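Visitor: Sharing entry_22.txt below, compact mmCIF, N, CA and C atoms:
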# COMPACT_ATOMS: atom_id res chain seq x y z
N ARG T 239 83.93 91.05 165.06
CA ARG T 239 82.81 91.79 164.30
C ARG T 239 83.38 92.14 162.93
N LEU T 240 82.56 92.01 161.90
CA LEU T 240 83.05 92.11 160.56
C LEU T 240 83.17 93.57 160.15
N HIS T 241 84.14 93.84 159.27
CA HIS T 241 84.49 95.19 158.89
C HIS T 241 84.57 95.30 157.42
N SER T 242 83.89 96.29 156.84
CA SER T 242 83.68 96.37 155.39
C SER T 242 83.99 97.79 154.98
N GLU T 243 84.33 97.95 153.71
CA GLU T 243 84.35 99.23 153.06
C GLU T 243 83.71 98.95 151.74
N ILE T 244 82.38 98.87 151.79
CA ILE T 244 81.56 98.40 150.69
C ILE T 244 80.97 99.66 150.19
N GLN T 245 81.76 100.41 149.46
CA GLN T 245 81.34 100.94 148.18
C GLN T 245 82.65 101.04 147.55
N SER T 246 82.70 100.86 146.25
CA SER T 246 83.96 100.92 145.52
C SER T 246 83.67 101.16 144.03
N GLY T 247 84.73 101.32 143.25
CA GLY T 247 84.61 101.61 141.82
C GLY T 247 84.72 100.38 140.93
N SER T 248 85.25 100.59 139.72
CA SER T 248 85.32 99.56 138.70
C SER T 248 86.41 98.56 139.03
N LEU T 249 86.47 97.49 138.23
CA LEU T 249 87.43 96.41 138.38
C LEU T 249 88.80 96.96 137.99
N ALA T 250 88.86 97.71 136.90
CA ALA T 250 90.14 98.26 136.47
C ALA T 250 90.77 99.17 137.52
N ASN T 251 89.95 100.03 138.12
CA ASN T 251 90.47 101.04 139.02
C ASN T 251 90.86 100.49 140.37
N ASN T 252 90.15 99.45 140.82
CA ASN T 252 90.41 98.82 142.07
C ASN T 252 91.80 98.17 142.00
N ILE T 253 92.06 97.49 140.89
CA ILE T 253 93.35 96.89 140.62
C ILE T 253 94.44 97.93 140.51
N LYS T 254 94.21 99.04 139.84
CA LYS T 254 95.30 100.00 139.64
C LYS T 254 95.84 100.55 140.97
N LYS T 255 94.97 100.69 141.98
CA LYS T 255 95.41 101.15 143.31
C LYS T 255 95.81 100.04 144.24
N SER T 256 95.69 98.78 143.78
CA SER T 256 95.92 97.62 144.63
C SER T 256 97.35 97.55 145.06
N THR T 257 97.58 96.79 146.11
CA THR T 257 98.88 96.67 146.70
C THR T 257 99.56 95.38 146.21
N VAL T 258 98.83 94.28 146.23
CA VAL T 258 99.34 92.96 145.86
C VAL T 258 98.15 92.12 145.43
N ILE T 259 98.37 91.22 144.47
CA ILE T 259 97.36 90.24 144.10
C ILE T 259 97.93 88.85 144.53
N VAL T 260 97.15 88.08 145.22
CA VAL T 260 97.58 86.73 145.59
C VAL T 260 96.71 85.79 144.78
N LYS T 261 97.35 84.80 144.18
CA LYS T 261 96.64 83.83 143.39
C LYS T 261 96.96 82.43 143.84
N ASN T 262 96.11 81.48 143.44
CA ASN T 262 96.43 80.05 143.52
C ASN T 262 97.15 79.53 142.26
N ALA N 264 89.00 76.57 139.77
CA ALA N 264 90.35 76.13 139.34
C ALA N 264 91.30 77.33 139.55
N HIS N 265 90.87 78.56 139.22
CA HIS N 265 91.76 79.74 139.30
C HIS N 265 91.10 80.79 140.19
N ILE N 266 91.87 81.32 141.11
CA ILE N 266 91.46 82.34 142.05
C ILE N 266 92.46 83.49 141.98
N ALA N 267 91.98 84.73 142.07
CA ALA N 267 92.83 85.87 142.35
C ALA N 267 92.13 86.75 143.41
N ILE N 268 92.92 87.23 144.35
CA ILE N 268 92.44 88.11 145.44
C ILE N 268 93.27 89.41 145.39
N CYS N 269 92.60 90.56 145.31
CA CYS N 269 93.28 91.85 145.21
C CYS N 269 93.18 92.52 146.57
N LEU N 270 94.33 92.78 147.17
CA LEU N 270 94.40 93.48 148.42
C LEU N 270 94.93 94.91 148.24
N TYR N 271 94.34 95.80 149.01
CA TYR N 271 94.68 97.20 149.08
C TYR N 271 94.99 97.55 150.52
N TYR N 272 96.17 98.16 150.74
CA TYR N 272 96.57 98.65 152.06
C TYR N 272 97.28 100.01 151.84
N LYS N 273 96.83 101.04 152.51
CA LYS N 273 97.52 102.33 152.54
C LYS N 273 97.46 102.84 153.95
N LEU N 274 98.65 103.06 154.51
CA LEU N 274 98.83 103.43 155.84
C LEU N 274 98.07 104.69 156.13
N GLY N 275 97.15 104.56 157.07
CA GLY N 275 96.44 105.70 157.63
C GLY N 275 95.15 105.95 156.88
N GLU N 276 94.90 105.14 155.86
CA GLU N 276 93.68 105.20 155.12
C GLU N 276 92.85 103.90 155.28
N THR N 277 93.45 102.76 154.97
CA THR N 277 92.86 101.46 155.26
C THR N 277 93.36 101.07 156.65
N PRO N 278 92.45 100.87 157.63
CA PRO N 278 92.94 100.43 158.96
C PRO N 278 93.60 99.07 158.91
N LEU N 279 93.18 98.23 157.97
CA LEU N 279 93.73 96.92 157.79
C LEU N 279 93.75 96.72 156.25
N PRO N 280 94.49 95.73 155.74
CA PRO N 280 94.35 95.29 154.34
C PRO N 280 92.90 94.95 153.99
N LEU N 281 92.45 95.48 152.84
CA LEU N 281 91.12 95.39 152.34
C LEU N 281 91.14 94.48 151.09
N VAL N 282 90.26 93.48 151.08
CA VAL N 282 90.03 92.72 149.84
C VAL N 282 89.10 93.57 148.98
N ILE N 283 89.65 94.28 147.99
CA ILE N 283 88.87 95.18 147.13
C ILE N 283 88.26 94.46 145.96
N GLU N 284 88.88 93.37 145.52
CA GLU N 284 88.36 92.63 144.34
C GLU N 284 88.75 91.18 144.48
N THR N 285 87.85 90.29 144.01
CA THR N 285 88.17 88.87 143.97
C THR N 285 87.69 88.34 142.65
N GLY N 286 88.25 87.23 142.20
CA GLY N 286 87.74 86.66 140.96
C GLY N 286 88.14 85.21 140.88
N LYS N 287 87.27 84.46 140.22
CA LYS N 287 87.49 83.06 139.92
C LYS N 287 87.50 82.88 138.39
N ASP N 288 88.29 81.94 137.89
CA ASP N 288 88.35 81.62 136.47
C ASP N 288 88.55 82.82 135.55
N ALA N 289 87.64 83.09 134.61
CA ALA N 289 87.80 84.16 133.61
C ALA N 289 88.18 85.49 134.35
N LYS N 290 87.45 85.79 135.42
CA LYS N 290 87.76 87.02 136.20
C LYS N 290 89.05 86.98 136.95
N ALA N 291 89.52 85.79 137.43
CA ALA N 291 90.83 85.68 137.97
C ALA N 291 91.90 85.99 136.95
N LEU N 292 91.74 85.47 135.74
CA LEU N 292 92.71 85.72 134.70
C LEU N 292 92.72 87.22 134.40
N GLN N 293 91.53 87.84 134.36
CA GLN N 293 91.39 89.30 134.08
C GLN N 293 92.15 90.15 135.08
N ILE N 294 92.03 89.77 136.33
CA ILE N 294 92.68 90.47 137.44
C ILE N 294 94.21 90.37 137.33
N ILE N 295 94.70 89.18 137.00
CA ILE N 295 96.13 88.94 136.86
C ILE N 295 96.68 89.59 135.59
N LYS N 296 95.83 89.70 134.58
CA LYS N 296 96.07 90.61 133.47
C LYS N 296 96.20 92.05 133.96
N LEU N 297 95.11 92.59 134.50
CA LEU N 297 95.05 94.00 134.87
C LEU N 297 96.15 94.37 135.85
N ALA N 298 96.52 93.44 136.76
CA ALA N 298 97.65 93.64 137.67
C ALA N 298 98.96 93.79 136.92
N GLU N 299 99.19 92.96 135.92
CA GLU N 299 100.34 93.24 135.07
C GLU N 299 100.18 94.60 134.33
N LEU N 300 98.96 95.01 133.96
CA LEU N 300 98.82 96.29 133.18
C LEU N 300 99.25 97.49 134.02
N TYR N 301 98.82 97.46 135.27
CA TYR N 301 99.16 98.48 136.24
C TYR N 301 100.37 98.17 137.14
N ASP N 302 101.11 97.09 136.88
CA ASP N 302 102.41 96.79 137.57
C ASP N 302 102.36 96.46 139.09
N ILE N 303 101.29 95.78 139.45
CA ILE N 303 100.99 95.43 140.82
C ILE N 303 101.54 94.05 141.00
N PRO N 304 102.28 93.85 142.09
CA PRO N 304 102.84 92.53 142.37
C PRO N 304 101.78 91.41 142.43
N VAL N 305 102.05 90.30 141.75
CA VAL N 305 101.29 89.05 141.84
C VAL N 305 102.18 87.94 142.46
N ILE N 306 101.68 87.33 143.53
CA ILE N 306 102.39 86.34 144.29
C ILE N 306 101.48 85.11 144.24
N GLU N 307 102.06 83.95 143.91
CA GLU N 307 101.32 82.68 144.01
C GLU N 307 101.45 82.08 145.43
N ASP N 308 100.34 82.04 146.16
CA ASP N 308 100.29 81.43 147.46
C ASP N 308 99.00 80.63 147.52
N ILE N 309 99.08 79.33 147.24
CA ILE N 309 97.85 78.57 147.08
C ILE N 309 97.00 78.54 148.36
N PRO N 310 97.59 78.11 149.51
CA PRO N 310 96.82 78.13 150.76
C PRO N 310 96.21 79.48 151.14
N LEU N 311 96.97 80.57 150.99
CA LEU N 311 96.45 81.91 151.36
C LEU N 311 95.34 82.43 150.40
N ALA N 312 95.54 82.24 149.10
CA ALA N 312 94.52 82.64 148.15
C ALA N 312 93.24 81.87 148.44
N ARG N 313 93.35 80.58 148.71
CA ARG N 313 92.16 79.74 148.86
C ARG N 313 91.44 80.11 150.15
N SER N 314 92.18 80.32 151.25
CA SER N 314 91.50 80.69 152.50
C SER N 314 90.91 82.10 152.48
N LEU N 315 91.60 83.06 151.88
CA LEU N 315 91.05 84.36 151.69
C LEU N 315 89.83 84.31 150.85
N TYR N 316 89.87 83.57 149.76
CA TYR N 316 88.68 83.48 148.91
C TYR N 316 87.46 82.90 149.63
N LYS N 317 87.69 81.93 150.49
CA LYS N 317 86.61 81.19 151.18
C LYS N 317 86.12 82.00 152.38
N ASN N 318 86.89 82.96 152.87
CA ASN N 318 86.52 83.61 154.13
C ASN N 318 86.29 85.10 154.05
N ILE N 319 87.02 85.79 153.18
CA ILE N 319 86.94 87.27 153.13
C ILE N 319 86.23 87.69 151.83
N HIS N 320 85.12 88.42 151.97
CA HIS N 320 84.32 88.78 150.82
C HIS N 320 84.95 89.98 150.17
N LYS N 321 84.57 90.22 148.92
CA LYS N 321 84.84 91.52 148.30
C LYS N 321 84.31 92.71 149.12
N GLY N 322 85.18 93.67 149.35
CA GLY N 322 84.80 94.86 150.12
C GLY N 322 85.06 94.71 151.62
N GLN N 323 85.62 93.57 152.05
CA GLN N 323 85.81 93.23 153.47
C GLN N 323 87.28 93.34 153.88
N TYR N 324 87.49 93.92 155.04
CA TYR N 324 88.84 93.94 155.65
C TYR N 324 89.19 92.53 156.13
N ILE N 325 90.46 92.18 156.03
CA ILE N 325 90.91 90.90 156.53
C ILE N 325 90.68 90.79 158.06
N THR N 326 90.46 89.55 158.48
CA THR N 326 90.30 89.25 159.90
C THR N 326 91.63 88.77 160.49
N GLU N 327 91.58 88.57 161.79
CA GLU N 327 92.72 88.36 162.67
C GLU N 327 93.59 87.19 162.24
N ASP N 328 92.96 86.11 161.79
CA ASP N 328 93.71 84.97 161.27
C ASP N 328 94.65 85.24 160.08
N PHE N 329 94.39 86.32 159.35
CA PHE N 329 95.12 86.65 158.20
C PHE N 329 96.15 87.76 158.43
N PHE N 330 96.17 88.37 159.62
CA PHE N 330 97.08 89.49 159.83
C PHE N 330 98.53 89.10 159.54
N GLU N 331 99.03 88.03 160.15
CA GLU N 331 100.42 87.69 159.99
C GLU N 331 100.73 87.27 158.59
N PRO N 332 99.98 86.32 158.03
CA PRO N 332 100.31 86.00 156.64
C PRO N 332 100.18 87.12 155.60
N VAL N 333 99.17 87.96 155.70
CA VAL N 333 99.01 89.08 154.77
C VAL N 333 100.11 90.14 154.99
N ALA N 334 100.48 90.38 156.27
CA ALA N 334 101.63 91.28 156.58
C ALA N 334 102.85 90.79 155.76
N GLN N 335 103.11 89.48 155.78
CA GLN N 335 104.29 88.92 155.15
C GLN N 335 104.17 89.05 153.62
N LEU N 336 103.00 88.71 153.08
CA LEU N 336 102.66 88.91 151.65
C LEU N 336 102.97 90.33 151.18
N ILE N 337 102.56 91.28 152.00
CA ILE N 337 102.71 92.70 151.67
C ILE N 337 104.17 93.09 151.72
N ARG N 338 104.89 92.58 152.70
CA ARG N 338 106.33 92.87 152.82
C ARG N 338 107.08 92.33 151.61
N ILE N 339 106.72 91.11 151.20
CA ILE N 339 107.32 90.48 150.06
C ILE N 339 106.99 91.31 148.82
N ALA N 340 105.73 91.72 148.69
CA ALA N 340 105.33 92.54 147.54
C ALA N 340 106.04 93.91 147.46
N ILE N 341 106.22 94.55 148.61
CA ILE N 341 106.87 95.86 148.72
C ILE N 341 108.21 96.04 147.94
N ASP N 342 109.13 95.08 147.97
CA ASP N 342 110.16 95.00 146.89
C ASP N 342 110.90 93.66 146.87
N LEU N 343 110.49 92.70 146.04
CA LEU N 343 110.13 92.87 144.60
C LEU N 343 110.79 94.10 143.96
Show me this structure written as structure tokens.

Guide:
Amino acid sequence: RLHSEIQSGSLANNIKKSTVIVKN
Amino acid sequence: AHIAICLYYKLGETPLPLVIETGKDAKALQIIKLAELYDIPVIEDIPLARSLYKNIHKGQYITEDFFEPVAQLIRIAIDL
């Protein structure tokens, strides 16, 4: 069953609290 | 061509790693910018970024298939 935490803030702020960014 | 996936995990707050932000192309570059602005580890993992992007939406906790690989990603990011 899918699990969400769908409300969040801006792009800048989400990144500032982020743990790791994974890229290709 | 370019993907970035932003994961957030805080023990006792996020039950699992949360994909808080995703971006392709211009927004991927922005995220990898902003991650350098705020000093957040960026790891290049082509298979993991691509599968996360294709399966886990923005605002969604990772599913069971990603537990082991994301655990390892996070451990690697931790130090760094």

Visitor: Quick one: residues within 8 Å of segment 267-274 of chain N, only N, CA and C atoms, excluding same-chain residues fewer than 2 positions away - as a VMD selection string?

Guide: (chain T and resid 252 to 253 255 to 262) or (chain N and resid 264 to 265 276 to 288 290 to 292 294 to 295 312 to 313 315 to 316)

Visitor: Take the residues from that selection and put them in a file with N, CA and C atoms, as an mmCIF file, in the coordinates of the input.

Guide:
data_model
loop_
_atom_site.group_PDB
_atom_site.id
_atom_site.type_symbol
_atom_site.label_atom_id
_atom_site.label_comp_id
_atom_site.auth_asym_id
_atom_site.auth_seq_id
_atom_site.Cartn_x
_atom_site.Cartn_y
_atom_site.Cartn_z
ATOM 1 N N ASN T 252 90.150 99.450 140.820
ATOM 2 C CA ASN T 252 90.410 98.820 142.070
ATOM 3 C C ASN T 252 91.800 98.170 142.000
ATOM 4 N N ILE T 253 92.060 97.490 140.890
ATOM 5 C CA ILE T 253 93.350 96.890 140.620
ATOM 6 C C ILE T 253 94.440 97.930 140.510
ATOM 7 N N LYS T 255 94.970 100.690 141.980
ATOM 8 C CA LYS T 255 95.410 101.150 143.310
ATOM 9 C C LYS T 255 95.810 100.040 144.240
ATOM 10 N N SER T 256 95.690 98.780 143.780
ATOM 11 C CA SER T 256 95.920 97.620 144.630
ATOM 12 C C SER T 256 97.350 97.550 145.060
ATOM 13 N N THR T 257 97.580 96.790 146.110
ATOM 14 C CA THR T 257 98.880 96.670 146.700
ATOM 15 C C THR T 257 99.560 95.380 146.210
ATOM 16 N N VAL T 258 98.830 94.280 146.230
ATOM 17 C CA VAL T 258 99.340 92.960 145.860
ATOM 18 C C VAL T 258 98.150 92.120 145.430
ATOM 19 N N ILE T 259 98.370 91.220 144.470
ATOM 20 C CA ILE T 259 97.360 90.240 144.100
ATOM 21 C C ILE T 259 97.930 88.850 144.530
ATOM 22 N N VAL T 260 97.150 88.080 145.220
ATOM 23 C CA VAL T 260 97.580 86.730 145.590
ATOM 24 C C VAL T 260 96.710 85.790 144.780
ATOM 25 N N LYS T 261 97.350 84.800 144.180
ATOM 26 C CA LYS T 261 96.640 83.830 143.390
ATOM 27 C C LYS T 261 96.960 82.430 143.840
ATOM 28 N N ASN T 262 96.110 81.480 143.440
ATOM 29 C CA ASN T 262 96.430 80.050 143.520
ATOM 30 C C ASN T 262 97.150 79.530 142.260
ATOM 31 N N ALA N 264 89.000 76.570 139.770
ATOM 32 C CA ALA N 264 90.350 76.130 139.340
ATOM 33 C C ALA N 264 91.300 77.330 139.550
ATOM 34 N N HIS N 265 90.870 78.560 139.220
ATOM 35 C CA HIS N 265 91.760 79.740 139.300
ATOM 36 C C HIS N 265 91.100 80.790 140.190
ATOM 37 N N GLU N 276 94.900 105.140 155.860
ATOM 38 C CA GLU N 276 93.680 105.200 155.120
ATOM 39 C C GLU N 276 92.850 103.900 155.280
ATOM 40 N N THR N 277 93.450 102.760 154.970
ATOM 41 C CA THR N 277 92.860 101.460 155.260
ATOM 42 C C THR N 277 93.360 101.070 156.650
ATOM 43 N N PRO N 278 92.450 100.870 157.630
ATOM 44 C CA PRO N 278 92.940 100.430 158.960
ATOM 45 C C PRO N 278 93.600 99.070 158.910
ATOM 46 N N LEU N 279 93.180 98.230 157.970
ATOM 47 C CA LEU N 279 93.730 96.920 157.790
ATOM 48 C C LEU N 279 93.750 96.720 156.250
ATOM 49 N N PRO N 280 94.490 95.730 155.740
ATOM 50 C CA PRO N 280 94.350 95.290 154.340
ATOM 51 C C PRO N 280 92.900 94.950 153.990
ATOM 52 N N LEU N 281 92.450 95.480 152.840
ATOM 53 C CA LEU N 281 91.120 95.390 152.340
ATOM 54 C C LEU N 281 91.140 94.480 151.090
ATOM 55 N N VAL N 282 90.260 93.480 151.080
ATOM 56 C CA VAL N 282 90.030 92.720 149.840
ATOM 57 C C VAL N 282 89.100 93.570 148.980
ATOM 58 N N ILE N 283 89.650 94.280 147.990
ATOM 59 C CA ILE N 283 88.870 95.180 147.130
ATOM 60 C C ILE N 283 88.260 94.460 145.960
ATOM 61 N N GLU N 284 88.880 93.370 145.520
ATOM 62 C CA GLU N 284 88.360 92.630 144.340
ATOM 63 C C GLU N 284 88.750 91.180 144.480
ATOM 64 N N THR N 285 87.850 90.290 144.010
ATOM 65 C CA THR N 285 88.170 88.870 143.970
ATOM 66 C C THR N 285 87.690 88.340 142.650
ATOM 67 N N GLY N 286 88.250 87.230 142.200
ATOM 68 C CA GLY N 286 87.740 86.660 140.960
ATOM 69 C C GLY N 286 88.140 85.210 140.880
ATOM 70 N N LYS N 287 87.270 84.460 140.220
ATOM 71 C CA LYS N 287 87.490 83.060 139.920
ATOM 72 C C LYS N 287 87.500 82.880 138.390
ATOM 73 N N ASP N 288 88.290 81.940 137.890
ATOM 74 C CA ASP N 288 88.350 81.620 136.470
ATOM 75 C C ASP N 288 88.550 82.820 135.550
ATOM 76 N N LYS N 290 87.450 85.790 135.420
ATOM 77 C CA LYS N 290 87.760 87.020 136.200
ATOM 78 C C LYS N 290 89.050 86.980 136.950
ATOM 79 N N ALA N 291 89.520 85.790 137.430
ATOM 80 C CA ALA N 291 90.830 85.680 137.970
ATOM 81 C C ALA N 291 91.900 85.990 136.950
ATOM 82 N N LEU N 292 91.740 85.470 135.740
ATOM 83 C CA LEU N 292 92.710 85.720 134.700
ATOM 84 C C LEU N 292 92.720 87.220 134.400
ATOM 85 N N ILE N 294 92.030 89.770 136.330
ATOM 86 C CA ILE N 294 92.680 90.470 137.440
ATOM 87 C C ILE N 294 94.210 90.370 137.330
ATOM 88 N N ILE N 295 94.700 89.180 137.000
ATOM 89 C CA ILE N 295 96.130 88.940 136.860
ATOM 90 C C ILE N 295 96.680 89.590 135.590
ATOM 91 N N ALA N 312 95.540 82.240 149.100
ATOM 92 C CA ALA N 312 94.520 82.640 148.150
ATOM 93 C C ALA N 312 93.240 81.870 148.440
ATOM 94 N N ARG N 313 93.350 80.580 148.710
ATOM 95 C CA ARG N 313 92.160 79.740 148.860
ATOM 96 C C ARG N 313 91.440 80.110 150.150
ATOM 97 N N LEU N 315 91.600 83.060 151.880
ATOM 98 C CA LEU N 315 91.050 84.360 151.690
ATOM 99 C C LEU N 315 89.830 84.310 150.850
ATOM 100 N N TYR N 316 89.870 83.570 149.760
ATOM 101 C CA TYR N 316 88.680 83.480 148.910
ATOM 102 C C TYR N 316 87.460 82.900 149.630
#

Visitor: Could you jot down the atom C of residue 306 of chain N to atom N of residue 275 of chain N separation for me, Å, one decimal place?

Guide: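 Computed distance, atom C of residue 306 of chain N to atom N of residue 275 of chain N, equals 23.7 Å.
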
Visitor: Measure the distance from atom C of residue 324 of chain N to atom C of residue 293 of chain N in Å and round it to one decimal.

Guide: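 Computing it gives 21.4 Å between the two atoms.
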
Visitor: Please report, as a Markdown table, each residue of chain N lying at most 7 Å from segment 241-245 of chain T, together with the nearest pair of atoms and the separation in Å rounded to one decimal; use only N, CA and C atoms, and order rows by chain and ascending residue number.

Guide:
| residue | atom | partner | partner_atom | distance |
| --- | --- | --- | --- | --- |
| N:321 | C | T:244 | CA | 6.5 |
| N:322 | C | T:243 | N | 3.9 |
| N:323 | CA | T:242 | CA | 4.3 |
| N:324 | N | T:241 | C | 4.0 |
| N:325 | N | T:241 | C | 6.8 |

Visitor: Run DSSP on the backbone and tell me which residues of chain N come out as helix (DSSP H, G or I); list them as an MDAnalysis selection string.

Guide: chainID N and resid 289:300 309:318 327:341

Visitor: Kindly give the distance, in Å, that separates atom C of residue 310 of chain N and atom C of residue 249 of chain T, rounded to a single decimal.

Guide: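 Computing it gives 23.1 Å between the two atoms.
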
Visitor: Around segment 240-243 of chain T, with edges along x, y and z and 4 Å added on all six sides, what centre and edge lengths do you get, in Å to one decimal, as lines of an AutoDock Vina configuration file?

Guide:
center_x = 83.6
center_y = 95.6
center_z = 156.8
size_x = 10.0
size_y = 15.2
size_z = 18.2

Visitor: Could segment 239-253 of chain T be completed with N, CA, C and O atoms and written as a PDB file, keeping the file's coordinate frame, please?

Guide:
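And here is the file that came out, selection-v2.pdb:
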ATOM      1  N   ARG T 239      83.930  91.050 165.060  1.00  0.00           N
ATOM      2  CA  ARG T 239      82.810  91.790 164.300  1.00  0.00           C
ATOM      3  C   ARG T 239      83.380  92.140 162.930  1.00  0.00           C
ATOM      4  O   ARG T 239      84.548  92.551 162.814  1.00  0.00           O
ATOM      5  N   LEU T 240      82.560  92.010 161.900  1.00  0.00           N
ATOM      6  CA  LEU T 240      83.050  92.110 160.560  1.00  0.00           C
ATOM      7  C   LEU T 240      83.170  93.570 160.150  1.00  0.00           C
ATOM      8  O   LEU T 240      82.383  94.403 160.608  1.00  0.00           O
ATOM      9  N   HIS T 241      84.140  93.840 159.270  1.00  0.00           N
ATOM     10  CA  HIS T 241      84.490  95.190 158.890  1.00  0.00           C
ATOM     11  C   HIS T 241      84.570  95.300 157.420  1.00  0.00           C
ATOM     12  O   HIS T 241      85.314  94.555 156.829  1.00  0.00           O
ATOM     13  N   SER T 242      83.890  96.290 156.840  1.00  0.00           N
ATOM     14  CA  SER T 242      83.680  96.370 155.390  1.00  0.00           C
ATOM     15  C   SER T 242      83.990  97.790 154.980  1.00  0.00           C
ATOM     16  O   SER T 242      83.978  98.702 155.808  1.00  0.00           O
ATOM     17  N   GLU T 243      84.330  97.950 153.710  1.00  0.00           N
ATOM     18  CA  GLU T 243      84.350  99.230 153.060  1.00  0.00           C
ATOM     19  C   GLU T 243      83.710  98.950 151.740  1.00  0.00           C
ATOM     20  O   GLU T 243      84.392  98.749 150.718  1.00  0.00           O
ATOM     21  N   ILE T 244      82.380  98.870 151.790  1.00  0.00           N
ATOM     22  CA  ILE T 244      81.560  98.400 150.690  1.00  0.00           C
ATOM     23  C   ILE T 244      80.970  99.660 150.190  1.00  0.00           C
ATOM     24  O   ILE T 244      79.873 100.008 150.614  1.00  0.00           O
ATOM     25  N   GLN T 245      81.760 100.410 149.460  1.00  0.00           N
ATOM     26  CA  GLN T 245      81.340 100.940 148.180  1.00  0.00           C
ATOM     27  C   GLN T 245      82.650 101.040 147.550  1.00  0.00           C
ATOM     28  O   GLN T 245      83.646 101.208 148.271  1.00  0.00           O
ATOM     29  N   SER T 246      82.700 100.860 146.250  1.00  0.00           N
ATOM     30  CA  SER T 246      83.960 100.920 145.520  1.00  0.00           C
ATOM     31  C   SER T 246      83.670 101.160 144.030  1.00  0.00           C
ATOM     32  O   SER T 246      82.496 101.185 143.617  1.00  0.00           O
ATOM     33  N   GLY T 247      84.730 101.320 143.250  1.00  0.00           N
ATOM     34  CA  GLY T 247      84.610 101.610 141.820  1.00  0.00           C
ATOM     35  C   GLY T 247      84.720 100.380 140.930  1.00  0.00           C
ATOM     36  O   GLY T 247      84.335  99.281 141.315  1.00  0.00           O
ATOM     37  N   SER T 248      85.250 100.590 139.720  1.00  0.00           N
ATOM     38  CA  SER T 248      85.320  99.560 138.700  1.00  0.00           C
ATOM     39  C   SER T 248      86.410  98.560 139.030  1.00  0.00           C
ATOM     40  O   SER T 248      87.180  98.756 139.971  1.00  0.00           O
ATOM     41  N   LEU T 249      86.470  97.490 138.230  1.00  0.00           N
ATOM     42  CA  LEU T 249      87.430  96.410 138.380  1.00  0.00           C
ATOM     43  C   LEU T 249      88.800  96.960 137.990  1.00  0.00           C
ATOM     44  O   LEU T 249      89.775  96.702 138.639  1.00  0.00           O
ATOM     45  N   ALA T 250      88.860  97.710 136.900  1.00  0.00           N
ATOM     46  CA  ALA T 250      90.140  98.260 136.470  1.00  0.00           C
ATOM     47  C   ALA T 250      90.770  99.170 137.520  1.00  0.00           C
ATOM     48  O   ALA T 250      91.986  99.096 137.770  1.00  0.00           O
ATOM     49  N   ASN T 251      89.950 100.030 138.120  1.00  0.00           N
ATOM     50  CA  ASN T 251      90.470 101.040 139.020  1.00  0.00           C
ATOM     51  C   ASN T 251      90.860 100.490 140.370  1.00  0.00           C
ATOM     52  O   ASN T 251      91.807 101.003 140.980  1.00  0.00           O
ATOM     53  N   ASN T 252      90.150  99.450 140.820  1.00  0.00           N
ATOM     54  CA  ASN T 252      90.410  98.820 142.070  1.00  0.00           C
ATOM     55  C   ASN T 252      91.800  98.170 142.000  1.00  0.00           C
ATOM     56  O   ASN T 252      92.620  98.349 142.884  1.00  0.00           O
ATOM     57  N   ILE T 253      92.060  97.490 140.890  1.00  0.00           N
ATOM     58  CA  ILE T 253      93.350  96.890 140.620  1.00  0.00           C
ATOM     59  C   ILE T 253      94.440  97.930 140.510  1.00  0.00           C
ATOM     60  O   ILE T 253      95.480  97.732 141.085  1.00  0.00           O
TER      61      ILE T 253
END
